[PDB]
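*Asks:*
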Ligand SMILES: C[C@]12CC[C@H](OS(=O)(=O)O)CC1=CC[C@@H]1[C@@H]2CC[C@]2(C)C(=O)CC[C@@H]12
Ligand SMILES: C[C@]12CC[C@H](OS(=O)(=O)O)CC1=CC[C@@H]1[C@@H]2CC[C@]2(C)C(=O)CC[C@@H]12
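Residue numbers (the authors' numbering): 32 to 268, 296 to 850, 949 to 1520.
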């Protein structure tokens, strides 16, 4: 005791000197000593010294067994000469990061640590040898390893360091504020706060993110991996990615394993301190401060167990990001230059899957990776204390929980083989959705739509019944985190009681053990996640091996240093092949091109043209020969390559933008016509990111880029293949030809054209990969050989009401039945724990233990309920969630079918497919589990808080300020991290957009020697994602610190209010209070983890419910207002001053229509170009609502008739008739309303009987999407049959001569003539052949009636009808 005190001298010295040292460390402006190997090891002695200042402590705690609870001096000295070492190894780090080299204060610290250890050193030696032997070897070795460590640390701190050499001024913008951050301010992540403020008063945009720090800018971490991967090769004086990946990410992973080790060896302090508190709180002779001290250093040892952890995550997420960046960078570097053969063999859509998956799950593996050893050290240690505590019974408990690793992975393999192996129902349903969406027109003019509604409802209900048992087996992840704690504690206590009835249960056993099971159970449920992620990353690593071990394409295929005089391109009898094994396509080909000479290449289709130019660039492995060039080149691939950026970039292509040259190239290529058409000018987006440019324009822009690149040797490749002929002549005239700009440029042209030949200079004739004839066309025309044969708030948190909406979609008899039922379960759980307390403090007084068999019993029947009242809840939540989907999905679908055609016109059919794809997916199987786990976490927190309050009644005083602080931190997080999540989720996809673009364009990326220039772009596009995935990680950490002080300032108060009322209560209550206050910082991150996994997901319900009540304005059927049955046979059409327009506030297309055709008569409509005759058709079916004027049919107004009855009676043949995938029975009669014989009879008349009879499926002939397996004409025949079945008195035609051939036009006109003599006929067409024969014809012009009479009367009037 005269020396245990003496060891306190250096600790108190360093502690008191610390606040008078950080005010001088900041008096050094900036030194930034480089990380030498001395300072890298001056802080490894200290951490190891803490780890031997641990056994110097837990030896003291071993007195708990054998009875002797240690005196405070006997267990605080190792606990505080252990904390300072985590501060010695931290002033070592923070000093080096400042200018100081000779530490001064810290060398004194180590010196005193040595000096105060001299006296026991000068004493323990003499007492040992003289009196015998070991004499308590544990305190001996823990001392003499401490002495060696401190001596070595002093010696190493006696050395000098390098001069600061620091820097000049770095850069102006907001720099990453971890550099230039004081000691106390970087320990607690206080520097991030500036954004936590700015992330709440304003929104965040890319201009205001942390300008990323220099070490990891994705071009300094790729290099750190390329160097390792290169140096890790065969090395004779085979290679594996894993070795390089370790050698380049081992420095940042054995410095993030020290933190995990420190944390999980610092975590086993609190259960033992709790044991000390419980077993002093019973003692009435122990002075008061022996409990106050334990509470104090149960706080100051739990605001440090979770500060070397929330500071762990900062160092193993910012290495997950470095995995995700090094992998992507090296893969991109490879994919630029491998081979065209390897691309052809593999899939261009698969290479990109080497990011966003299959190489990003390395970012998802980093946090789980250290679990590999931290699980077998959180167990073989937490088993030890438990065994020490309850005895062998503990095994059973842990055994059960270990047993819960497979049966929590068995569902993870039943599910994931029950929701993706059978989600093809979703695939087929979304296919049917896409089919229904486009072509909705003909689907809606006739009443086919509700049959499709029935079809999709049936497939949906099939997809949901397979989703019932796809979520019940998810209520086994609400059985691990809400019902397993009680089960494991019960089984432990059960085996403990049954094995031998002589062992009582007291507070310091039961409650320490149930507070230690907590510590063991977090890294024993994320362990199955480890198995899953590691076993699906062990294949990703193999795949990245497969990609990186692919042959490059530079065996110096071309040399660009020497050339024959006056020549630009020459090849010496070379041979080329598209694959290293396949027969060479080219055999000993020889061409000598003079400078500036245009050369054309000829042949038939399949002689080897396109494989000539591809060989010149160096993408065709030459078996023999030497290919030469001199100067830059420009390549125009046949499948022209369009960059996924703006037109200015996609034409300038990394050059200097000169408006004079730029504009003249654009006009010479004849692309200004598109520019005047372009909606935004020459800045329009291109590619999948922009307007999908058709084939014609892509070659124009490619050729323009080539010519503006003004390289020496243009290697063209039939760019005029997919363009209009006349402009193509100008394209050759103004650009390629000698009159054009490129007279002095060595052009090489390969094309199938003929007319361009005479204007060329030289021509090369290709046959089976061999040259036959060379020379000018007028000279070659003398030969006339086989070549002659070639000739012929808007932004913010969601409103509260939407939550209610979701409840109204679950039934609202289930919402009460689930909220009330969790309230019941929480009451049961608190009852179980209170009963355990009243058992454990009962066992100490009662002389009779015979009563135990009751308490145990009821404990079971009071916690088993808490299982049976949670599972029976979680199912009735999942079995509500799918219900919540069902109705909700219906309420969307049944409205989108009922929307006006203008809704589908103003929309590109992409947004209305976003829903039914994702926004219906989130409410389908992403929202129900999240809300279930939120509702588990909230009630876990409630049960914990109420048990703490109940056990120590006066603790309620502080429960408000903790609540306000925690809510403040939660709100600040939910602002700033929401901003960052949005800003990062939208900036990552440009990486994969820039990829999937170099892969296709690797041919044209090279030959512009732009490969290096084109990977810096990938570096900056992943940099613009790193600079918003870093501050999100740090924001998460700053939150978790804020929610951790308010989860440790409650352990402090639980212990303190336990010790302040010692005279009142009995030990069974403080044990419960403290042991359930130790996990009020786990059920307080879980309740935020979910409350932000539901704020970013219940946006989906708002959107889905918003897509409703969208002005359907179309009642399918009416109440009793149906027109009289047998309605068509009257068949009279009559108008009264009709006028209509597409949209409100739109120029009238129809005006004052007053037309009438009698019953059974035939009539057509003709309109001049621009009259707007098409709309008339839709006006008959009430597609456009009658603006002014009632279209009366048979003396009845159609505006008061149900469409499903109104449209059924009429008969339409649409302008663009379409088939729908499925049988023919569906494609002619979904309602099954007609006899098959007449169907076949109509099919016979449809000129299709030979086709249907030739197929045994016939009526069941499975049509492709739109009947693509049939020809166009056959599709109009099928739709002609479609109209044939209905056979009503009213017939109307839509564009009988729109674009069909004259052959089928004759057939359709004849079919119209033969059967439809009696029935009323209306007609619209581009050709008067079917109209001139009508009894009466109306002529529509600019939306008014002009000529409504017989064609003979029209002939006399000589209008537009008779004009031509
Ligand atoms: C902590 C993290 C990592 C990242 C997420 O945590 S979050 O607070 O940053 O969202 C999810 C997750 C939960 C449990 C964590 C885990 C990574 C590995 C951990 C730290 C262990 O060995 C014990 C606890 C495990
Ligand atoms: C909450 C979550 C993640 C979601 C899981 O539920 S699931 O339905 O998503 O599988 C439960 C799960 C396990 C451990 C949880 C973790 C989220 C973050 C937590 C709370 C910490 O910082 C410590 C423990 C971590």
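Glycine is no exception: its CB is placed at the ideal position from the N, C-alpha and C atoms.
Would you kindly check if the distance between the Cβ of residue 429 and the Cβ of residue 581 is under 8 Å?
*Replies:* Here residue 581 refers to the residue found at position 523 of the chain shown. Here residue 429 refers to the residue found at position 371 of the chain shown. Against a cut-off of 8 Å, the Cβ pair of residue 429 and residue 581 comes out as a contact.
*Asks:* With three or more beta-carbon pairs closer than 8 Å as the criterion, would you say the segment 1177-1193 touches the segment 1211-1223?
*Replies:* no
*Asks:* Can you check DSSP and say which residues form a bridge with residue 833?
*Replies:* Counting from one through the chain shown, the residue named residue 833 turns up at place 775. Bridge partners of residue 833: 821.
*Asks:* Taking one C-beta from the segment 1197-1208 and one from the segment 1118-1125 each time, how about it: are there three or more such pairs within less than 8 Å?
*Replies:* yes
*Asks:* Taking 5 Å as the limit, tell me which residues put their C-beta closer than that to any heavy atom of ligand 2, in chain order.
*Replies:* Residues flagged by the Cβ proximity filter: 535, 1089, 1241, 1242, 1245.
*Asks:* Quick test of the definition: if touching needs 3 or more C-beta pairs under 8 Å, does the segment 686-700 touch the segment 953-972?
*Replies:* no
*Asks:* Hey, would you say the C-beta of residue 584 is under 7 Å away from at least one heavy atom of ligand 1?
*Replies:* What you label residue 584 is simply residue 526 of the chain shown in a count that begins at 1. True, at least one ligand heavy atom lies under 7 Å from that Cβ.
*Asks:* For a test of the three-state rule: what should DSSP assign to residue 1522, helix, strand or coil?
*Replies:* Only positions 32 to 1520 of the chain appear in this structure, which leaves residue 1522 out of reach.
*Asks:* Quick check: what's the CA-CA separation for residue 555 versus residue 158?
*Replies:* Position 497 of the chain shown, counted from the first residue, corresponds to residue 555. Position 127 of the chain shown, counted from the first residue, corresponds to residue 158. Looking at the two C-alpha atoms, the distance is approximately 46 Å.
*Asks:* With three or more beta-carbon pairs closer than 8 Å as the criterion, would you say the segment 666-675 touches the segment 747-756?
*Replies:* Taking a contact to require three or more Cβ pairs closer than 8 Å, the segment 666-675 and the segment 747-756 do not qualify as touching.
*Asks:* Determine whether the beta carbon atoms of residue 1148 and residue 414 lie at a separation below 8 Å.
*Replies:* Working through the chain shown from its first residue, we reach residue 1148 at position 992. Working through the chain shown from its first residue, we reach residue 414 at position 356. Yes. Within cutoff.
*Asks:* My output table needs one value for residue 1419: the three-state DSSP class, helix, strand or coil.
*Replies:* Residue 1419 sits at position 1263 when you count from the first residue of the chain shown. If DSSP states are grouped into helix, strand and coil, residue 1419 belongs with the strands.
*Asks:* Which residue comes first and which comes last in the beta strand (DSSP E) that contains residue 805?
*Replies:* Locating residue 805 in the chain shown gives position 747, where the first residue counts as 1. Run containing residue 805: 804-808, per the beta strand (DSSP E) assignment.
*Asks:* Write down the C-beta distance between residue 1492 and residue 1505 rounded to the nearest angstrom, noting that I regard them as a contact closer than 8 Å.
*Replies:* The residue you call residue 1492 lines up with position 1336 of the chain shown. The residue you call residue 1505 lines up with position 1349 of the chain shown. Their Cβ separation, rounded to whole angstroms, is 6 Å, which keeps residue 1492 and residue 1505 in contact under 8 Å.
*Asks:* Rounding to the nearest angstrom, what Cα-Cα distance links residue 1268 and residue 479 in this structure?
*Replies:* On the chain shown, position 1112 is the one that residue 1268 refers to. On the chain shown, position 421 is the one that residue 479 refers to. Spanning the two alpha carbons is a distance of roughly 38 Å.
*Asks:* Below 7 Å CB to CB, which residues in the same chain sit around residue 90 once its five sequence neighbours on both sides are set aside?
*Replies:* As a working note, residue 90 is residue 59 in the chain shown. Answer for residue 90: 169, 170, 173, listed in chain order.
*Asks:* Put residue 1367 into one of helix, strand or coil per three-state DSSP.
*Replies:* In the chain shown, counting from the first residue as 1, residue 1367 sits at position 1211. Residue 1367: coil per DSSP, three-state reduction.
*Asks:* For a minimum of 4 consecutive residues, which ranges assigned as the alpha helix (DSSP H) are wholly contained in the segment 445-529?
*Replies:* 451-461, 468-472, 482-495, 498-503, 507-526
*Asks:* Using DSSP with H/G/I as helix, E/B as strand and the rest coil, what is residue 201?
*Replies:* Residue mapping note: residue 201 aligns to position 170 of the chain shown, counting from 1. Of the three classes helix, strand and coil, the one that applies to residue 201 here is coil, per DSSP.
*Asks:* Is it right to say residue 51 is buried, meaning 16 or more other beta carbons lie within 10 angstroms of its own, or is it exposed?
*Replies:* Here residue 51 refers to the residue found at position 20 when the chain shown is read from its first residue. Exposed is the call here.
*Asks:* According to the Cβ coordinates, are residue 978 and residue 1029 closer than 8 Å?
*Replies:* The residue you call residue 978 lines up with position 822 of the chain shown. The residue you call residue 1029 lines up with position 873 of the chain shown. Their beta carbons are under 8 Å apart, which means residue 978 touches residue 1029 by this criterion.
*Asks:* Name the DSSP bridge partner or partners of residue 1504?
*Replies:* Residue 1504 sits at position 1348 when you count from the first residue of the chain shown. Residue 1504 pairs with 1494.
*Asks:* Less than 6 Å between C-beta atoms, sequence neighbours within five positions excluded: which residues of the same chain meet that for residue 985?
*Replies:* Locating residue 985 in the chain shown gives position 829, where the first residue counts as 1. Hits under 6 Å: 1022, 1099.
*Asks:* Among residues of its own chain, excluding the 5 on either side of residue 473, which ones have a beta-carbon nearer than 6 Å to its beta-carbon?
*Replies:* For the purposes of this step, residue 473 is taken as residue 415 along the chain shown, with counting starting at 1. Excluding residues within five positions, the ones whose Cβ falls inside 6 Å are 531.
*Asks:* What are the residues that DSSP puts in a beta bridge with residue 242?
*Replies:* As a working note, residue 242 is residue 211 in the chain shown. BP columns for residue 242 point to 206.
*Asks:* Quick check: the segment 1474-1487 against the segment 1441-1456, are at least 3 beta-carbon pairs closer than 8 Å?
*Replies:* yes
*Asks:* If the criterion is Cβ atoms closer than 8 Å, does the pair residue 991 and residue 1011 meet it?
*Replies:* Taking the chain shown and counting its residues from 1, the one referred to as residue 991 is at position 835. Taking the chain shown and counting its residues from 1, the one referred to as residue 1011 is at position 855. Contact: yes.
*Asks:* Would you list the residues sitting across from residue 652 in a DSSP beta bridge?
*Replies:* Here residue 652 refers to the residue found at position 594 of the chain shown. Answer is 625.
*Asks:* CA-CA distance, residue 814 and residue 508?
*Replies:* For the purposes of this step, residue 814 is taken as residue 756 along the chain shown, with counting starting at 1. For the purposes of this step, residue 508 is taken as residue 450 along the chain shown, with counting starting at 1. Looking at the two C-alpha atoms, the distance is approximately 58 Å.
*Asks:* By Cβ distance, which residues of its chain are closer than 8 Å to residue 204, with the 5 residues on each side in sequence left out?
*Replies:* Indexing the chain shown from 1 puts residue 204 at position 173. These residues qualify, in order along the chain: 242.
*Asks:* Can you find at least 3 beta carbon pairs, one from the segment 593-605 and one from the segment 1247-1261, that sit closer than 8 Å?
*Replies:* no
*Asks:* Quick one: residues in its chain with C-beta nearer than 7 Å to the C-beta of residue 878, no 5 flanking neighbours on either side, listed in chain order?
*Replies:* Because the chain is numbered from 850 directly to 949, the model contains no atoms for residue 878.
*Asks:* Quick test of your reading: residue 38 and residue 115, contact by CB under 8 Å. State the CB separation rounded to the nearest angstrom.
*Replies:* Here residue 38 refers to the residue found at position 7 when the chain shown is read from its first residue. Here residue 115 refers to the residue found at position 84 when the chain shown is read from its first residue. Rounded, the Cβ-Cβ distance is 11 Å, inconsistent with contact.
*Asks:* Counting pairs of Cβ atoms below 8 Å between the segment 213-231 and the segment 1110-1120, do you hit three or more?
*Replies:* Remark: fewer than three beta-carbon pairs, one from each stretch, lie closer than 8 Å, so the segment 213-231 and the segment 1110-1120 are not flagged as touching.
*Asks:* Would you kindly check if the distance between the Cβ of residue 574 and the Cβ of residue 458 is under 8 Å?
*Replies:* Taking the first residue of the chain shown as 1, we reach residue 458 at position 400. Taking the first residue of the chain shown as 1, we reach residue 574 at position 516. Not in contact: residue 458 and residue 574 (Cβ atoms no closer than 8 Å).
*Asks:* Do residue 805 and residue 794 count as a contact pair if the criterion is CB distance below 8 Å?
*Replies:* As a working note, residue 794 is residue 736 in the chain shown. As a working note, residue 805 is residue 747 in the chain shown. In contact: residue 794 and residue 805 (Cβ atoms closer than 8 Å).
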